[PDB]
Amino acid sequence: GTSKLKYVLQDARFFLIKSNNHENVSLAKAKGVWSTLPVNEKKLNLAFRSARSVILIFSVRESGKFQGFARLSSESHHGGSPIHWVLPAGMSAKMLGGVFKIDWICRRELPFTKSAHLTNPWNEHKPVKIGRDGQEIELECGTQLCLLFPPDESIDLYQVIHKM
């Protein structure tokens, strides 16, 4: 069903994540972590304290798809085991030093062709697929986008709900 999913998304904030490569999204799905550049890291940390749920919606550049979405379960932290991110050109490991823990809500993909009817008021009403890494997605557009994903029957949102 979708009722627990809607409860998790109630009054959530949504952020678009643009990964330059598939490897890092696969690592994130296996390990339940994400790292981003400092400008977005600060924004996510602020958002985490402000809303019952902060949702990251992942898209790998050039893939034409979203690869899933996840909920922040922590603010960023430094000093753990260095995550073996594949680093884009010009990006240093220190730039991804802050690690967020995430709980995946859906690990299925969604093609951009299926979200063409959704525009983001916080990015000039451009289709929600369009946006820089870290672009915030307005509540209604983000909720509807998440509800477009195929159900991920492997995930039990009961544990997620208890962290809210």
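Under this definition, the rigid core comprises the largest set of C-alpha atoms superposing within 1.5 Å between the forms. Numbering starts at 1 and follows the sequence shown.
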So if we fit everything on the core, which stretch drifts more in 8 other deposited structures of this protein, 24 to 32 or 95 to 103, C-alphas only?
95 to 103
Which of 33 to 41 and 107 to 115 lies farther from this form in 8 other deposited structures of this protein, as RMS of C-alpha positions after a rigid core fit:
33 to 41
Using only C-alpha atoms and the B-factors in the entry, which stretch averages higher, 128 to 136 or 94 to 102?
94 to 102
Residue stretch of maximal mean CA temperature factor, 17 to 25 vs 152 to 160:
152 to 160
Place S59 in the lowest, middle or highest third of its chain's C-alpha B-factors, as listed in the PDB entry.
lowest
Which third of the chain does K65 land in by C-alpha B-factor: lowest, middle or highest?
lowest
Going by what the PDB entry lists, where does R107 fall on CA B-factor within its chain: lowest, middle or highest third?
lowest
Mind checking which third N120 falls in for C-alpha B-factor across the chain?
lowest
Relative to the other modelled residues in the chain, which third contains the C-alpha temperature factor of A30: lowest, middle or highest?
lowest
